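Next up is one chain by itself, shown in structure tokens, the form deposited in one PDB entry.
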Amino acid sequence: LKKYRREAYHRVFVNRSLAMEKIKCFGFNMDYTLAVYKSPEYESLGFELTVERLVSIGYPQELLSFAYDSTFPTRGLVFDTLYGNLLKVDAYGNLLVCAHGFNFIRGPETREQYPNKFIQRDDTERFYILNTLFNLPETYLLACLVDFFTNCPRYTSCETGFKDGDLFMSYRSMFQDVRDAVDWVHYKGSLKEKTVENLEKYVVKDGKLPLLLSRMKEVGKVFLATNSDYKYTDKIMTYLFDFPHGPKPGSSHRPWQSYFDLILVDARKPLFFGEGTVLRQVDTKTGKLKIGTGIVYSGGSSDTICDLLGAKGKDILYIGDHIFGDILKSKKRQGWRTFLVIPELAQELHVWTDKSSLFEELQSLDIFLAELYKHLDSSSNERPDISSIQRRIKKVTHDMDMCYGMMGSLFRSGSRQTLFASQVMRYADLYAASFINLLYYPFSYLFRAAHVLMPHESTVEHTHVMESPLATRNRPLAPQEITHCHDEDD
């Protein structure tokens, strides 16, 4: 008899144990959480507006000929502003994939610029990490620009940039313009305007969303905290809740503000989680602001929101798409529980199941490889020919990589977890492809964390078998109750 689990595309995955019965408040991000933007239409829109901004700022007209390719970028890549490389790294800074423009650099060639295949993530001045879903157009745009100036006769390829005659143009300064142009497109309203004049093309609409939020408000409180203003929030949220019937069958429609006990616009994260700004009330009918204490607020801080709701830290589950540093934990008051929305998880779960032949063949090659060394020890002079097997492993592994995209899986490359995956294991108590998967779990559910096995755990059976004394080293009242309570959330 095996353990029961819900369907794979309906599950909420557990990183740290969480008792849902103790949750009193449900907090939501808006962008890419409640308002899931259609891929790759939204990435293509941000890509176009950023290219237009760069062209209107002095960049050549050939950039207008670029088109966003959703098959290339993968979230969490590191851009080397010194050499103009997009880097896929592991949890400790080791290099997994290195792309200069559109050319993927092989192993021995990589050691010319990275002698130990290692980068220091601390070097924030040199390395820029593209972790957000808004960074997806920026990720592909950086590759197009490095590719363009590298294969352009008017420019001269160099180690740290390009030459336009007797004038040098570094990757760092070029990266600055791309950074300023993306900030411009987002903070000038160019992207917001094109979005709210065509919600059906860019914003996903689902009736499951008002159903889950209504059930959350029956067992506790629900609040919204978005960096966007109220105007853009009102248009987006009205679209997300525009249905002829209400949540329950046969019921009538009610405004989206009815599902929230507290609505907070202009959050200004991540400053929001520290001191933030002064909290000010918002008059929706007029747009007038007034500091101090309706349900629509502006600015403030996460602690001010925590106090207005009468909740405490661990009573809140914050649901969003963003990964934040250990700045909320460093506070002297309790931090929130986290639910990380990872939209890529939908396509990655399809590869995990609908490509079983690639996984099964990969395991068969490893069993066959282990048989060739089955009879060998430190006295064996033999060297079994594995060139044919390894060459087949690399082909199958690469075919699996291309199932996710040119940059491979978001969570791993081969046997190594990516830097992004380790940041998920750090920040997210729970994670899924969408917050809507909570609809398939009771509000009294006990989310239990799955053990993450080390090599000496996953490759050793619990079955019972002289041992060398070099390993055994020749081999206060004890507690009677459990010394830890991080698996029951009690």
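Start at 1 with the first residue shown and count on from there.
Judged by the one-third criterion across other entries of this protein, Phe118, modelled here, is also modelled in every one of those that cover both its neighbours.
Missing-residue comparison: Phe79 falls in the unmodelled set for none of the other PDB entries checked, so it is not missing from a third of them. According to the entry, the deposited sequence has 4 to 9 residues without coordinates between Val465 and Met466. According to the entry, the deposited sequence has no residues without coordinates between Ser357 and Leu358, so the chain runs continuously there. According to the PDB record, 236-244 carries the higher mean C-alpha B-factor of the two stretches 75-83 and 236-244. Looking at mean Cα B-factors across 418-426 and 46-54, the upper value is held by 46-54. In the PDB entry, the Cα temperature factor peaks, among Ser444, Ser434, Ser65, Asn29, at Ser65.
Taking only the listed residues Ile105, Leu136, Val396, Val265, the entry reports the highest CA temperature factor at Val396. Ranked by C-alpha B-factor against the other modelled residues of its chain, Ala19 falls in the lowest third.
Per the PDB record, residue ranking by Cα B-factor puts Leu96 in the lowest third of the chain. Split the chain's modelled residues into thirds by C-alpha temperature factor. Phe175 is in the lowest one. Among the modelled residues of its chain, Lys221 has a C-alpha B-factor that falls in the middle third, as given in the PDB entry. The entry lists a Cα temperature factor for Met402 that places it in the middle third of the chain's modelled residues.
There is another form of the same protein, the form solved in complex with a small molecule; it is not shown, and what comes next is about it.
Interface residue among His186, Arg126, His100, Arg75 relative to the small molecule in the entry with it bound, by the heavy atom within 4.5 Å criterion: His186.
This chain is drawn without the small molecule; in the entry with it bound, the residue among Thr81, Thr195, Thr418, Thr226 with a heavy atom within 4.5 Å of it is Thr226. Although the partner is absent here, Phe260 sits far enough away that none of its heavy atoms falls within 4.5 Å of the small molecule in the entry with it bound.
Contact annotation: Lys269 falls within 4.5 Å of the small molecule in the entry with it bound, judged by heavy atom distances. Though the partner is left out of this view, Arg111 does not reach within 4.5 Å of the small molecule in the entry with it bound, counting heavy atoms only.
For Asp321, a non-hydrogen atom is located within 4.5 Å of the small molecule in the entry with it bound, even though that partner is not displayed. Heavy atoms within 4.5 Å of the small molecule in the entry with it bound are found in exactly one of 175-183, 152-160, 299-307, 278-286, that being 175-183.
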